[PDB]
Structure formats: structure tokens, C-alpha cells
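Take a look at the structure below.
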Amino acid sequence: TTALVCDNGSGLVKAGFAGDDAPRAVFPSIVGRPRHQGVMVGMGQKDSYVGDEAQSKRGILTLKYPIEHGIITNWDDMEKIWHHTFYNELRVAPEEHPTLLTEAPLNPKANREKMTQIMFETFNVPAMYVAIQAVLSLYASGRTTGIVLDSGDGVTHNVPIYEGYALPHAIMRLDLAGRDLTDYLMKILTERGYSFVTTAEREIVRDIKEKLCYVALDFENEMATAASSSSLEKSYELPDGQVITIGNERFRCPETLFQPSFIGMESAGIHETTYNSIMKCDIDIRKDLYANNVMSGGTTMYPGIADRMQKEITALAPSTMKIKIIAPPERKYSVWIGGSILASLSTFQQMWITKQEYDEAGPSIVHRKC
Amino acid sequence: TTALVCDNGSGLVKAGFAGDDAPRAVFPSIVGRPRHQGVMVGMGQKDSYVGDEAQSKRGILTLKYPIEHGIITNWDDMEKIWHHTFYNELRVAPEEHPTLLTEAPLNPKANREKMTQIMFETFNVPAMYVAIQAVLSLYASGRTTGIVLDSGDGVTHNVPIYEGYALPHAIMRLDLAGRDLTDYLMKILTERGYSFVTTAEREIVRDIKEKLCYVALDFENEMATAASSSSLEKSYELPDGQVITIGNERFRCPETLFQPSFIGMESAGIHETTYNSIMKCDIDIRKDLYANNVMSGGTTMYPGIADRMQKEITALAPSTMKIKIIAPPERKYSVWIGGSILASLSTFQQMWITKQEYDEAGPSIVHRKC
Amino acid sequence: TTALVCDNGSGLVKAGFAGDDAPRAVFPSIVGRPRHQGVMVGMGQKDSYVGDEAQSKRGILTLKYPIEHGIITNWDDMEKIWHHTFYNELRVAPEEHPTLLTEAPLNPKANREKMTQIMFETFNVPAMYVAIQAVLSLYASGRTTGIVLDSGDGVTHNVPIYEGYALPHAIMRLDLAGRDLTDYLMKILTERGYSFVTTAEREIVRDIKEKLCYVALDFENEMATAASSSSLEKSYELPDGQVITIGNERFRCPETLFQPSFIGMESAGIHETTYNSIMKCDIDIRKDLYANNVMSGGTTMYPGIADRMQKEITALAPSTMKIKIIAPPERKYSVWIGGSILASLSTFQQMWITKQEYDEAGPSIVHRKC
Amino acid sequence: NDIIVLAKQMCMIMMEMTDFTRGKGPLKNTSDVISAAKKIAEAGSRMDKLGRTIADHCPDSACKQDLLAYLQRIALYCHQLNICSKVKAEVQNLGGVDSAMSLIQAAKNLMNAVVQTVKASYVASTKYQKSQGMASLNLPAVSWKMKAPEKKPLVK
Ligand SMILES: Nc1ncnc2c1ncn2[C@@H]1O[C@H](COP(=O)(O)OP(=O)(O)O)[C@@H](O)[C@H]1O
Ligand SMILES: Nc1ncnc2c1ncn2[C@@H]1O[C@H](COP(=O)(O)OP(=O)(O)O)[C@@H](O)[C@H]1O
Ligand SMILES: Nc1ncnc2c1ncn2[C@@H]1O[C@H](COP(=O)(O)OP(=O)(O)O)[C@@H](O)[C@H]1O
Ligand SMILES: [Mg+2]
Ligand SMILES: [Mg+2]
Ligand SMILES: [Mg+2]
């Protein structure tokens with residue numbers, strides 16, 4: 001009788017029960033398969049590991065992400081991820097709880113349709129729903145007006161909402177997020193002689209990026225400071241005890257969000273994308289969109305990203321405007337918190353896609369109910 | 001007044017004069033030191049041998065390569081290699097000729113900086129330059145568009161260039177090349193009872209690999225053919241007259257380029273790496289990249305590697321595409337030939353790093369001039 | 001219905017029944033043949049002695065080892081060794097017990113194939129299996145993770161195993177073991193005037209080495225101590241009552257494991273080989289490999305070899321690492337104990353090579369079943 | 001629930017083994033550790049049949065694959081402990097915390113495999129309850145003492 005809320009990100013699964021204030025399962029959205037020779041009898045029967053199971057044993061596994069850029073690419077590994085989520089992590093029976101799922105905007109329709117079908121036919125959920133992650137972030141922030149920038153492992157999206165009305169023509173999606181920054185950091189770590197190639201070493205580099213990287217308020221003076229001194233250099237100890245030092249890779253990696261040309265993309269930075277999304281909205285709502293810049297997702301968790309974000313948008317916007325960037329401390333789970341707010345809402349209970357409706361109208365019911 | 005062109009590979013030094021069409025010095029990039037007891041007076045004064053000097057006497061020496069994987073690891077032995085190159089092999093005075101040097105991409109910056117410093121301060125070169133070996137291969141092939149797959153003793157790299165513009169985000173480096181194949185062949189020669197352990201015996205195995213190994217167009221039917229018959233077995237006479245026979249080690253050793261998991265690496269084969277590099281490029285240049293697959297380096301000199309290369313990329317690419325693999329007969333020296341083309345160019349003469357610029361800006365001038 | 005476990009080492013045969021905790025037959029793996037004139041009638045009919053039979057009479061015999069370096073070189077003498085093992089020592093009928101055999105890694109394939117053929121066709125065993133001795137050592141140590149250094153009469157090998165998965169690219173074999181140390185001790189015993197030349201005197205020197213030799217924790221201070229004093233000198237009584245004294249031959253002979261250049265080999269010591277094997281493994285398993293350094297075999301039985309082993313690996317590894325050397329008191333039989341653990345396993349009983357499978361697929365079945 | 005009580009009493013044994021590892025517990029030296037290893041291996045074999053039955057009452061392409069994987073791990077760990085304890089017993093009889101480490105490591109491995117087998121069995125029974133055969137086992141997702149998972153910390 002209590003709904004489930006599974007936030008399937010590209011990088012992490014955030015799962016829990018509607019009504020709660022925090023997910024109960026947060027594990028990597030990876031499936032690992034052994035890549036070496038099993039030489040002991042019975043030690044190689046398990047052919048696949050999911051979640052923290054795979055990060056624990058990643059030294060003998062090949063780690064694969066079922067989701068790239070917010071689109072599910074492996075539907076047998078994602079199916080394993082969902083089975084893990086329901087049975088090993090949450091330990092529920094899916095056919096008694098309605099499940100709320102999340103999806104990025106401007107995403108293929110087959111993604112949503114196959115999620116609907118997998119739920120209703122492999123997990124027999126009584127009902128389900130697919131919600132847009134930026135609307136859920138605005139739910140969690142306690143607002144009904146504001147432009148939400150959500151950055152995850154796979155996609156960065158801006159959705160401007162005013163008085164509960166979205167402006168879908170001003171929604172901007174950008175396939176540049178945490179995994180692209182991890183790849184860029186692996187690339188520019190080679191300048192110091194550090195070679196991380198394996199998927200496990202990619203997880204190591206993701207850890208380095210989360211612990212050491214930050215966003216420079218002014219990039220050029222930070223480059224000058226790093227060149228002049230060694231005050232910005234920090235060390236990091238690898239899983240086998242080697243120590244690496246990185247000086248300007250710390251703020252060069254997150255700068256790819258504001259200069260996507262670092263990784264060869266032609267698009268505009270997240271500040272320019274946010275401004276361009278605000279200026280596709282009606283002139284009468286732009287003032288309230290400027291003052292409510294909700295940032296959610298884990299790629300917005302760099303130290304200094306809100307200050308740089310506000311500086312850049314202030315440069316772009318008129319000088320009489322009211323630029324505020326809203327970055328809650330818990331914004332790494334804003335999508336899940338908003339999903340649990342919505343799934344527990346009393347007025348939402350007629351908005352589930354029941355299995356009767358699915359049986360009438362096939363998986364295509366999800367484009368018209370959601 | 002004539003520039004020098006030194007192609008410092010991991011395995012061989014290719015040195016000569018710009019404008020020429022072939023290097024004048026091609027010797028192994030090794031330094032040997034005696035490992036036994038000198039018992040005759042005056043016969044043990046020379047404590048180090050370089051190049052063919054060491055391969056001649058390798059039966060009493062320990063051979064060391066100053067470069068592994070394209071990074072110079074011993075800076076006193078590499079310094080000896082360069083002294084040999086300039087004074088014993090080329091017989092020039094380095095302080096009158098500008099020197100063009102080559103380096104792999106995605107390589108530590110300290111490598112390039114210390115090469116600049118060693119040139120300008122130990123050899124007093126009037127000017128120098130460090131060029132990327134794949135750009136030089138494209139120079140030598142007479143093109144300005146194409147993706148270069150350069151494999152040497154230490155590194156395999158893919159650089160896609162279109163109309164003279166490189167796409168640095170699509171450059172792929174893979175630390176799997178001739179020396180890894182030599183090591184794999186030493187490993188799998190033990191299945192027949194042949195034990196080559198010493199560094200000199202590693203040179204013997206490198207010779208075996210160069211003379212007898214080839215790339216199977218279809219690996220599984222070649223394994224079946226080798227199992228069924230003895231038609232693929234060839235003999236080889238060791239330096240002391242013993243004869244060894246190898247049947248499927250001939251095409252198993254080069255297969256590690258297409259199945260890097262043979263030596264325990266997780267990466268993708270050179271065909272998959274080439275395709276992945278083409279698909280990181282802009283969609284409008286992919287057709288011209290497919291049709292110009294320049295292969296350079298000595299590890300691309302296996303019989304049948306271009307046929308297998310084209311078969312695999314044709315399998316990966318769309319069926320309407322124009323897959324051509326360009327493998328010149330002289331591709332073992334494409335990097336040097338392109339370096340001599342570039343160093344002799346009239347428009348290149350303002351692109352040298354003069355010693356005045358080095359004196360102004362330290363070794364760090366090489367990242368901004370090159 | 002009970003399996004046999006024969007550990008064919010280069011020096012000793014360890015044979016027994018699976019399930020037991022100790023071999024029931026441990027005899028030298030030698031065949032002796034008389035070399036003098038038989039002058040009494042009927043006293044010279046026996047033309048060959050095996051095992052302790054030959055060590056008893058070694059004063060009139062020429063002792064030969066069928067196995068050098070882990071490869072069987074005499075297939076008629078090894079066949080005698082196996083006949084002795086089955087019929088005189090164990091006193092079983094081989095055609096009712098499956099037999100587990102052991103073999104070193106990176107060993108010729110014809111060795112394993114001919115062992116399979118000899119079993120199935122001369123001894124008619126119902127089934128057989130060939131296991132790697134380091135995996136068996138890890139079985140006996142009660143672990144599924146760790147790097148095993150196994151030293152026998154013929155070969156020293158490192159096999160890193162993590163969670164039951166071997167990393168075959170990091171396996172290192174080194175043809176330096178107890179017999180090479182015995183030969184080196186015979187060589188350096190001549191400095192004191194003791195000349196042991198015959199094969200029987202080689203057995204005497206092996207006894208001297210087992211009783212008196214040890215591993216110096218720091219070689220140079222031990223050489224200084226032996227030069228300054230006579231505190232390290234110990235005596236030994238020869239079979240005919242002569243007494244020999246050796247001072248620094250006691251720790252010079254085992255030092256050849258850490259300085260293989262003592263016997264003219266170019267390879268690295270066992271500490272350097274162990275470290276190099278650990279650093280060919282994935283970075284995420286190196287910490288657990290450092291902490292589980294299983295040492296098995298009889299050449300690891302020198303007093304002080306575990307302390308020196310840990311000191312050297314601690315010097316090589318990072319300072320934050322967890323270096324533990326695991327040297328069980330019974331490690332001279334770890335391979336046999338692990339073989340009896342495996343052959344008695346319930347999940348192993350479908351992994352025997354039955355004689356039906358051999359009849360289908362020839363001796364080549366052993367490379368794909370094992 | 002038989003599975004839960006068996007695994008949890010083995011957890012009591014494995015706690016006493018770690019307490020000997022810390023040097024202050026109900027075991028004085030290696031002999032007590034050898035005895036504890038023997039009984040934990042016996043209880044592991046009992047656990048092995050419990051897992052066998054739950055697997056045998058499960059559909060083929062189901063959670064029984066993971067459960068059989070963990071059961072094979074259990075088989076090897078129990079066998080390693082029994083021979084290793086017999087080897088350690090013989091070594092003591094002939095001639096050692098370092099010796100205790102191998103048995104304790106095998107016991108840690110076995111206990112981890114048993115925890116994995118417990119959760120796999122719970123998932124198998126809950127997911128396929130009113131499939132026939134599982135009802136006879138009478139393991140109705142309540143005999144399992146499964147806590148609700150605790151919430152994650154929003155800020156770290
Ligand atoms: N403290 C941090 N600093 C920078 N990046 C972080 C931090 N924590 C997580 N990330 C990045 O955020 C991504 C996960 O964020 P999340 O919102 O969970 O993604 P998704 O919605 O795709 O699951 C990961 O790629 C990780 O690299
Ligand atoms: N005919 C051949 N067949 C296969 N491999 C070869 C052949 N000739 C040379 N090689 C390999 O090519 C490598 C040298 O190629 P090169 O391009 O000179 O390397 P580098 O650029 O590192 O000097 C050596 O490792 C050698 O083993
Ligand atoms: N106490 C000891 N000290 C040093 N070396 C020993 C000792 N006991 C045996 N050895 C050596 O170990 C070798 C036999 O070890 P073992 O593991 O049985 O070899 P294998 O596996 O080849 O049969 C012999 O060469 C012997 O010299
Ligand atoms: Mg998200
Ligand atoms: Mg080259
Ligand atoms: Mg042995």
C-alpha cells in the first residue's frame with residue numbers, strides 16, 4: 001500500500017519508499033562480470049555481480065553501466081539492476097507496491113515504453129509512473145516556480161517551471177555530465193604520468209574526482225595560480241598505496257561544464273544553457289526564473305559550482321535582475337526526495353498507470369498518462 | 001643549416017637529415033652493460049655499449065631499453081643513446097643542426113620538457129621541435145585527411161586528422177605494441193619446451209617474431225587448420241645451431257593486437273579502437289576517415305594485418321562505407337619520412353623552438369610552441 | 001572409490017590418498033643403476049633401484065632424476081617411479097583409484113599430455129587430473145586469495161589468485177630451486193677443500209644444505225660477521241666419519257634465491273619476482289595480494305627465509321601496505337595437502353578426466369579439462 | 001526458521017573465533033580453534049542441505065543460480081576447514097596464532113558465503129512462495145527476520 005520510488009540514474013540507483021525522507025538503497029548502477037580464469041572449484045559459479053557487489057570485487061571484473069546518457073542500452077543488465085533493487089536491497093515484493101520511476105526529458109520513447117513493459121510484465125507491479133527528474137527536483141526544493149539544472153553521471157538538463165506549468169519548448173538537454181568529466185580526468189591525468197585504463201581504474205578516477213576536484217570561480221587566475229605556486233596540489237592514495245598528486249586537474253576537470261570544448265563538444269556551458277533556457281521563456285516569468293535556479297544531481301556537488309554559476313549568469317543577465325542559485329546540501333538526492341513527495345501525495349493517487357490500463361492500451365499508455 | 005630528424009621509438013632509433021628520403025642511422029635503442037667477470041686486462045674498460053654495439057656483444061651484456069611505452073624511463077641511458085646518435089652514427093655536431101624529435105600523444109609532459117632541456121643544454125642544439133608521430137605518418141603518406149594507426153615497440157595510437165585539423169578528443173593511445181607481443185611470444189614458446197629468459201634471448205625471440213609471425217585473416221579457422229595439419233609449422237635456427245619449430249604461435253602472437261585479453265589486458269583490439277576513434281569524430285568526416293586508414297610503424301608489418309584490419313573495420317562500419325586500409329611498403333619509416341618532410345618545409349622554419357625562446361621561458365615553452 | 005594424490009616433484013614424490021592429511025609415501029624421485037662390477041652370483045640381477053632403495057645403495061649406483069626443472073626428461077625412469085609409487089609404496093591397484101597429479105605452470109604441453117597417456121594406458125586409471133601446484137598450495141592454506149611462491153627441487157613459481165580467480169598473465173616461473181642451490185653449494189664447498197663430485201656425494205651435499213644452511217636477514221653484515229669471527233661455523237660428519245666445517249657457505253647458498261647472479265643467472269630474486277608478479281595484477285587486488293604471501297615447497301624451508309622475504313617485499317612495496325608472509329610449518333607438503341583437499345571435494349567429482357573422455361579425444365583432452 | 005537460526009549460531013561461533021583473534025575470548029589457544037572450526041564446518045554442511053532443499057524447490061532460470069553458486073562456495077570452505085584442522089591437529093600432535101589465522105580466514109570466508117546463501121534463500125522463497133514445493137517448506141517471508149533497510153544519510 002506504500003509506493004516505491006526508484007531513481008534510475010546513469011551512475012547510481014536511488015531506491016526507497018514513498019513518504020520517507022531519504023533513499024534506503026544507494027548503490028552503483030553497474031553489472032560486473034569476471035574477466036579472469038576461475039581456478040578454484042565453486043568460486044566461479046557466480047557469473048555476474050550487481051551494485052556494491054561489483055565495486056567490492058571490481059579487481060577481477062569488467063564493470064558495465066546499463067545506462068549511458070540516460071538511455072538504457074543493456075536491457076538484460078538493467079533488468080538485473082532492478083531485480084537487485086527490489087529483492088536484495090529493498091527486500092520487498094514488487095507486485096504489492098506501486099513503483100515511481102524517473103527519466104530525463106527529450107529521451108527516446110522506447111526507453112519509457114520498455115520500462116513500463118518490464119515493470120508490468122517481469123515485476124508485476126500493481127501500478128507505475130515515470131516522472132521527469134527536474135520536476136521532482138522542484139518538488140523537493142519546496143517550490144512551484146524555478147528553473148532546475150539537474151546534472152547526473154549521464155545527462156545535464158534544464159527545465160523551467162512557473163507556477164507548476166512547464167515550458168517544454170525551453171527544456172534543454174545536454175549529454176555532458178559526471179561520466180564525461182571522469183573520462184576527461186582520466187585523459188588529463190596522463191600528463192602527470194598516471195595511466196588509468198581499466199573500468200575499475202575508471203572507478204578509482206571517479207573517486208579522485210569526487211574527493212579532489214572543484215570549480216574555479218575564475219579559471220584563468222586559477223591556472224596562473226597553479227602555474228606560479230604549488231599551493232593547489234593535493235595528494236591521493238591509490239588502492240595499493242601509491243600516492244598521486246594533481247595540481248590543476250582539480251579545477252580543469254569541472255571546467256568542462258562551463259567550457260564543453262575541453263572534451264571536443266560544440267555546445268554551450270551550463271551557465272549559457274541556463275540563460276538560453278530562461279530567455280526562451282515568456283518575458284513575464286524570467287524574473288522569477290532568475291531568482292530560483294535550483295541545482296540538483298551529484299555533478300552539481302563540486303565545491304564552488306554555485307558561486308561560479310551565479311557569477312556567470314549574473315554576467316549574462318541584466319544588471320537589475322535577481323540572480324539566486326539554490327543549491328541545497330542534500331541536492332544529490334533531490335530527485336528522489338521529490339519523487340517520494342509526489343508518490344505520497346494524496347492528489348497523485350489517480351495518476352498512477354494501473355495494470356488494467358496497461359492491459360487495455362499496451363506500453364503506449366505511458367506517453368499519455370505521463 | 002640542415003635540420004636533423006631523430007625518431008626516438010621505444011625499440012629503434014631512426015635518425016637522419018631533413019630533406020632525405022630515408023634515415024641514415026637505424027639501430028636498436030638499447031644500452032648494454034657487461035654482467036660477467038672481466039678476466040683479461042684492458043678488455044673490460046668499456047662499461048657500456050649502445051645500439052648495434054650491444055646487439056653484437058649481447059651474449060655477455062644485460063640489455064636495457066631507456067624507453068618503455070614511449071616514456072623515457074632512464075634519462076642517463078637515453079642521454080647515451082642521443083650522444084651515440086649524434087656523434088657515432090650521424091657524425092654531426094649537434095649545435096649547428098636544428099633537431100626534430102617525435103613523441104607519442106597522451107604522454108607525460110615531463111617527458112617532452114626533459115627532452116627539450118637535454119637538447120638545449122647538453123647538446124646545445126640551435127633549435128628543436130617535438131612532433132606527434134601520427135601527424136608525421138600522415139605527412140609521409142601524402143595526405144591531409146585520414147586516421148593513422150601507428151604501432152611501434154612501445155605504444156599503439158590512433159589520431160584522426162581531417163583537412164589538417166586533428167580531433168584531439170578522438171585520439172586513442174594503447175600501451176600494447178611490439179614489445180608486448182615479443183613477451184607474449186616468449187611466454188607461449190614455453191608450450192613447446194623453448195625457454196628464452198635472458199634479455200639477449202628476448203632479442204632472439206624478437207627476431208623469431210619478425211621472421212615467422214603473421215596475422216590470421218580468420219583466427220578460429222587458422223587454429224583449426226594448425227590443429228588438423230602441420231602445414232603452418234616453420235623452423236628457425238638459433239644462434240648456436242638448434243632448430244625450433246612453431247606452428248600456431250605464428251598467428252597467435254599477433255592476434256594479441258585484436259584480442260588484447262591474450263595478455264590479460266581489458267582494452268579493445270586495434271580494429272575496435274580504430275572504429276571507436278572514428279565514431280568520436282564528427283559525422284561529416286567519418287566517411288573520409290573510413291577511406292584513409294593509414295597504418296605506420298613496425299608492428300603493422302605483419303603479413304596479413306591490413307587484410308584482417310579491413311575485414312574487421314568493414315564488419316564494424318556500415319555496409320555502404322568506403323573502408324580502405326593504407327599500408328605503404330615503407331611504413332616502418334613513415335614517422336621519420338614525415339618528420340623529414342616537415343623539417344624541410346619552408347613554412348615550418350618559424351615554428352622551431354629557438355634557444356632564445358628556451359632561455360626566456362624554460363622547458364615549458366614546448367607545450368605552447370608544440 | 002578413493003582418489004589418489006601423487007605430487008611429482010623434481011626431487012621428491014609425495015603420494016597418498018585423498019581425504020588424508022599427510023602423504024603416505026615420501027621418497028626421493030631418483031632411479032639408480034649399478035656402476036661397478038658385480039662379482040657375486042645373483043647379487044647383480046637387479047639392474048635398477050627406485051626411491052629410498054637407491055639412496056640406501058647409492059654408494060655403488062649412479063643416481064638419475066627423471067625430472068629436471070619440472071619437466072619429465074626420462075619417460076622410462078619416471079614410469080618406473082610411478083610403478084614404484086603405486087605398487088611398492090602405496091600398494092594399491094591403480095585401475096580402481098582416480099589419480100590427481102600436479103604440474104608447474106608454463107611447462108611444456110607434451111609433459112602433461114604424456115602424463116595423461118601414461119596414466120590411462122599403462123596404469124589404466126579410471127580417471128585423472130593435472131592441477132597447478134600453487135593453486136593446491138592456496139587450497140591447503142585455507143584461502144582463496146593470495147600470491148603463492150612455491151619452491152621445489154626444480155622450479156620456483158608465483159601464481160597470484162584473487163577470490164578464486166587466477167591472473168595467468170602475472171604468473172612467473174623461475175628455473176632456480178633446490179637442485180641449483182645444491183649444485184652451488186657443491187661448487188663453493190671446494191673453497192674449503194671439500195670435493196663432492198659423484199651423484200651420491202651430491203645427495204650428501206643436499207643433506208648438508210638441508211641441515212646447516214639458512215637465509216641471512218642482511219647479507220652484507222652476515223658476511224662481515226663471518227669474516228670477523230668463527231661463531232657461524234658449524235660442523236657436519238660425512239658418511240665415513242670425516243668432519244667438515246662451513247662458515248659462510250651456510251647463508252651464501254640460499255642467497256642465490258635473492259641474488260640469482262651467484263650462479264650466473266640474469267633473473268631477479270624471489271622477492272623481486274614476487275613484487276613484479278603483484279604489480280602485474282589489477283591495482284584493486286594488490287593490497288590483498290601483499291597481505292597473503294603464501295610460501296610452499298621445501299626450498300622455502302630455510303631458517304629465516306620468511307623474515308628476509310618480508311623485509312625485501314616491504315622495501316619494494318609502498319609503506320602503507322600490509323606485507324605478511326605466510327609460511328606454515330608444514331609447507332613442505334602444502335601442494336599435497338591441497339591436492340587431497342581438492343580431490344576429496346564434492347564439487348570436484350565432475351571435473352575428473354574419465355577414461356571415456358580420453359578415448360574420445362586423445363591425450364589432448366587434458367588442456368581443455370584442466 | 002531453521003536457516004536463520006543455523007546461520008546465526010554459526011555467527012556466534014565465528015564471533016568466538018574473532019575474539020580469539022583479538023586475544024581475549026572463550027578460546028585459550030589453537031586446540032579450541034581447531035574444535036570450533038570442526039563444528040562450524042559441520043554446521044556449514046547442515047546449511048548446505050538447507051540450501052539444497054530450497055534450491056531443489058525452485059524454478060530453473062530463477063534465483064536458484066546464485067543460491068547454488070553460494071552453496072558451492074560453502075562446500076569448498078567447509079572441506080578446507082576440515083582437512084586444515086586435521087593438518088593443524090597433526091602438526092600440534094607432532095611438535096601458533098599464525099596457524100590459527102588460516103582456520104580463521106577459512107571461517108570468515110565460510111560465514112560470508114553463509115550470509116550470501118541466507119539472503120539468496122530468502123529471495124528465492126519470497127519470490128516463489130505459492131509455487132508448489134515452496135509451500136511445503138513453509139518459509140513465508142516472515143520466518144525470515146528481515147529488518148527494513150535503514151535510510152541513507154542525505155549529507156555525508
Ligand atoms: N562530491 C562530488 N563531487 C563531484 N561529483 C560528484 C560528487 N558526488 C558524486 N558526484 C558525481 O555525480 C554522479 C552521480 O550523481 P547522481 O545525481 O547520483 O547521478 P545519476 O542521477 O545519474 O544517478 C557521479 O558521476 C559522480 O561522479
Ligand atoms: N617484419 C616485422 N614483422 C613484425 N614486427 C616487426 C617487423 N619489423 C619490426 N617489427 C617490430 O616493430 C617494432 C619496431 O617498430 P618501430 O616502428 O621501429 O618501433 P618504434 O617506433 O618504437 O621504434 C619492434 O618491436 C619489432 O618487434
Ligand atoms: N629443511 C630444508 N632446508 C632447505 N631446503 C630443504 C629442506 N628440506 C628440503 N629442502 C629442499 O627442498 C627440495 C624438495 O622440496 P619439495 O617441495 O619436496 O620439492 P619438489 O616439489 O620438487 O618435490 C629439495 O631440493 C631439498 O633440497
Ligand atoms: Mg539523477
Ligand atoms: Mg615509432
Ligand atoms: Mg612441488
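We name chains A, B, ... by the order of the sequence lines, and we start the count at 1 in each one. Below, each value reflects all heavy atoms present in this structure, side chains not excepted, and no hydrogens, waters or symmetry copies.
C:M279 CE: more than 12 foreign heavy atoms inside a 6.0 Å radius. The number of heavy atoms from other shown groups lying within 6.0 Å of CE (D:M101) does not exceed 12. Atom NZ of D:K108 sits in a sparse spot, with 12 or fewer heavy atoms from other residues, nucleotides or ligands closer than 6.0 Å. Crowding of A:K234 atom NZ: a count of heavy atoms from other residues, nucleotides or ligands under 6.0 Å not exceeding 12.
Distance CG/A:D183 to CZ/A:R202: 5.5 Å, rounded to 0.5 Å. Atoms CZ and NZ, from A:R206 and A:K211 in turn, are 9.5 Å apart once rounded to the nearest 0.5 Å. Remark: C:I283 CD1 to A:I204 CD1 distance equals 4.5 Å, nearest 0.5 Å.
Side-chain atoms of C:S261 and C:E266 include no donor-acceptor pair closer than 3.5 Å. Residues C:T144 and C:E163 bring no donor and acceptor atom of their side chains to less than 3.5 Å of each other. With no hydrogens or angles considered, a side-chain donor-acceptor pair links C:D7 and C:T102 at under 3.5 Å. Judged by distance alone, the side chains of A:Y236 and A:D207 do bring a donor and an acceptor atom under 3.5 Å apart. Judged by distance alone, the side chains of C:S296 and C:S137 do bring a donor and an acceptor atom under 3.5 Å apart. In summary, the side chains of C:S151 and C:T156 do present a donor paired with an acceptor at a separation below 3.5 Å, with no hydrogens or angles considered.
The aromatic rings of A:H36 and C:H169 sit tilted relative to each other, their planes meeting at an angle between 30° and 60°.
Counting heavy atoms from C-beta outward, D:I83 and C:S340 have side chains that approach closer than 4.5 Å. Two residues are said to be in side-chain contact when any heavy atoms from C-beta on lie closer than 4.5 Å; A:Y194 and A:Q242 fail this criterion. Counting only heavy atoms from C-beta outward, the side chains of C:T314 and C:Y290 never approach each other to under 4.5 Å.
For D:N109 (side chain) and D:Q105 (main-chain N/O), a donor-acceptor pair under 3.5 Å exists by modelled atom type. With hydrogens and angles disregarded, no donor-acceptor distance shorter than 3.5 Å links the side chain of C:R308 to the backbone of C:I305. At distances below 3.5 Å, not a single donor-acceptor pair connects side-chain atoms of C:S344 with backbone N or O atoms of C:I341. At least one donor-acceptor pair closer than 3.5 Å links the side chain of C:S277 to the backbone N or O of C:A170. Not a single donor-acceptor pair under 3.5 Å links the side chain of C:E312 to the backbone N or O of C:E272.
Between C:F258 and C:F219, the ring centre distance reaches or exceeds 6.0 Å. Less than 6.0 angstrom separates the ring centroid of A:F27 from the ring centroid of A:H84.
Remark: B:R179 is positioned above the aromatic ring of B:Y65, its terminal NZ or CZ atom under 6.0 angstrom from the ring centre and at most 45 degrees off the axis. Seen from the ring of A:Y49, A:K46 counts as a face-on cation partner, given the 6.0 Å and 45° thresholds.
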Check step by step if side-chain hydrogen bond (donor to acceptor under 3.5 Å, both in side chains) holds for A:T182 and A:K209. CA-CA 7 Å; A:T182 298; A:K209 167 195 73 148; 3.3 Å; yes
Any chance you could lay out the ring pair (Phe, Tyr, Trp, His ring centres under 6.0 Å) test for C:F251 and C:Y302, step after step, and finish with the verdict? CA-CA 10 Å; C:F251 55 94; C:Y302 289 103; over 10 Å; no
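Residues B:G154 and B:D180 approach most closely at O-OD1, 4.5 Å, considering heavy atoms.
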